[PDB]
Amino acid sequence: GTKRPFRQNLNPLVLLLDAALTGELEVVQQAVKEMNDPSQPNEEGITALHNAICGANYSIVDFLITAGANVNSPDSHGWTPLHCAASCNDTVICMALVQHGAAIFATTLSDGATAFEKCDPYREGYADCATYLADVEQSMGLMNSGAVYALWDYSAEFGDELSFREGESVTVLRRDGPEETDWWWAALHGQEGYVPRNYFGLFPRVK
């Protein structure tokens, strides 16, 4: 025990990530106060919220979302918190993410899969989680008078596309245009144009 010298400047992120994973709510709470950024990723693109979800620590998921953890943060492989939650058929976490601004149509980096597609047919809760995510997919651009919330800036690359800012309420006019499966015809400040599905949530972010 003698030999190892003590560290004077421990990294709150390393403590946060470990706590989020093992299930140490109080450690996570103190670590969040300490640093600016709870949503800060490690090398792999893994956040407190990722670890909390894979650890199945519902109390820490809830605390991290409320404190304004990035519900859309992709890891190295383009897996969002919603992808991870779906892969465990975790309907309760899927609901909490969607309700705090998760992008239902977000696609992974390699092979371009949605959260719905990551549901595990050989584990409890498959039907419940698949049903929920498919219902959110259906509901998007239909609920809230077609209003959906931009989760990033976008710059039109053709004249029939709509530019928009992070946070802006965009109104979907037509979804199922057979001409585009990944794009909606939408309205913002009396402009009309195609917007990409995967940029939007059913609810806004927390600040």
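Heads up: residue numbers just count along the shown sequence, starting at 1.
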Mean C-alpha B-factor higher for 119 to 127, or for 99 to 107? 119 to 127
Using only the Cα atoms and their B-factors as the entry lists them, report which of 194 to 202 and 15 to 23 averages higher. 15 to 23
Of the options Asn89, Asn72, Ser76, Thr114, which has the highest CA B factor as deposited? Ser76
Can you tell me which of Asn144, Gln30, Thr171, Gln138 has the maximum CA B-factor listed in the PDB entry? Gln30
Once the chain's modelled residues are ordered by C-alpha B factor and cut into thirds, is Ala56 in the lowest, middle or highest one? highest
Please rank the C-alpha B-factors of the chain's modelled residues and tell me whether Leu49 sits in the lowest, middle or highest third. lowest
CA B-factor placement of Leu188, once the chain's modelled residues are sorted into thirds: middle
C-alpha B factor of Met35, ranked within the chain: lowest, middle or highest third? highest
